[PDB]
């Protein structure tokens, strides 16, 4: 029995589709044989505990563009075969309990973008060993703690752009051995730890533009063996003696890199660091070469 005004059909998968119905809550009586559930475009404000626990064969769950303000920690109990979870475009969600995604060992894609998330609680992504795509962009994250993605050994795409991340700690990207694309642009990153990119040996794309980086440590880009593309524009780069290690790296980098506009001193304003000669990077708590 199909609930409400939803559409229930069997091919290509058993699907319960209830998009854009003004639903205030998850409808009861969803067929337990459902493999895909589409609840996007509604006004659902909360997801109570075990809202879909009868749908053991559920692989796809869409809840984006709702009015989510609270997701119960046990909301996804019994969904061991879930592969896709779309919770995006829920600007009033703000916080997800760190135990919410536990047990989702088959989860391959997780959409948490534009949800107003303020923090990433410890253990939020624990045990998601099959995760490949993590969308965290356009939130309100003001920190990127260590070991946040420790168990995500299969993650290939991580999107953190459009947040308020102030810095990149040493073990923020630990365990991300399969990461291919890391987009951190449009944040507030004022500093990166010297060994923060240790496990990113397979990273091909790294976006760091539109941040607040004045300098980059020495050999911080050394582990990036597979790096093909690098974006460092729109940053207050200080082009004095401290910029010599980055300048020498950009001359040897056989991949593609963007412009590195200098912000200080006044005479070198809007000058690409890659074009400059080594003689221009002379002079100056302060860096060691000062």
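Think of the rigid core as the biggest set of C-alphas that the two forms share within 1.5 Å after superposition. Positions refer to the first chain, counted from 1.
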Review point. Comparing 212-220 with 185-193, which has C-alphas lying farther from the shown form in 7 other deposited structures of this protein once the core is aligned?
Key: 212-220
Review point. Taking RMS over all structures and residues, which stretch has CA atoms farther from the shown form in 7 other deposited structures of this protein, 261-269 or 57-65, after a rigid core fit?
Key: 261-269
Review point. Counting the other entries of this protein, is residue 286 left out in at least a third of them?
Key: yes
Check your understanding: What is the count, as a class, of unmodelled deposited residues between residue 284 and residue 285: none, 1 to 3, 4 to 9, or 10 or more?
Key -> 10 or more
Check your understanding: Of 76-84 and 105-113, which one has the bigger average CA B-factor?
Key -> 76-84
Check your understanding: Which is higher in the entry, the mean Cα B factor of 241-249 or that of 50-58?
Key -> 241-249
Exercise for review: Pick out which of 142, 212, 139, 154 has the highest C-alpha B-factor in the PDB entry.
Suggested key: 212
Check your understanding: For the listed residues 128, 172, 204, 218, which one has the largest C-alpha B-factor as given in the deposited model?
Key -> 218
Revision key, fill the gap. Entry-reported C-alpha B-factor of residue 232 relative to its chain, by third, is middle
Review point. Where does residue 191 sit by CA temperature factor within its chain: lowest, middle or highest third?
Key: highest
Study note, to complete from the structure: Assert third(CA B-factor, residue 43) within chain per record equals middle
Review point. In terms of the CA temperature factor given in the entry, to which third of its chain does residue 92 belong: lowest, middle or highest?
Key: highest
**Study point:** Record-listed C-alpha B factor of residue 263: chain third
**Key:** highest
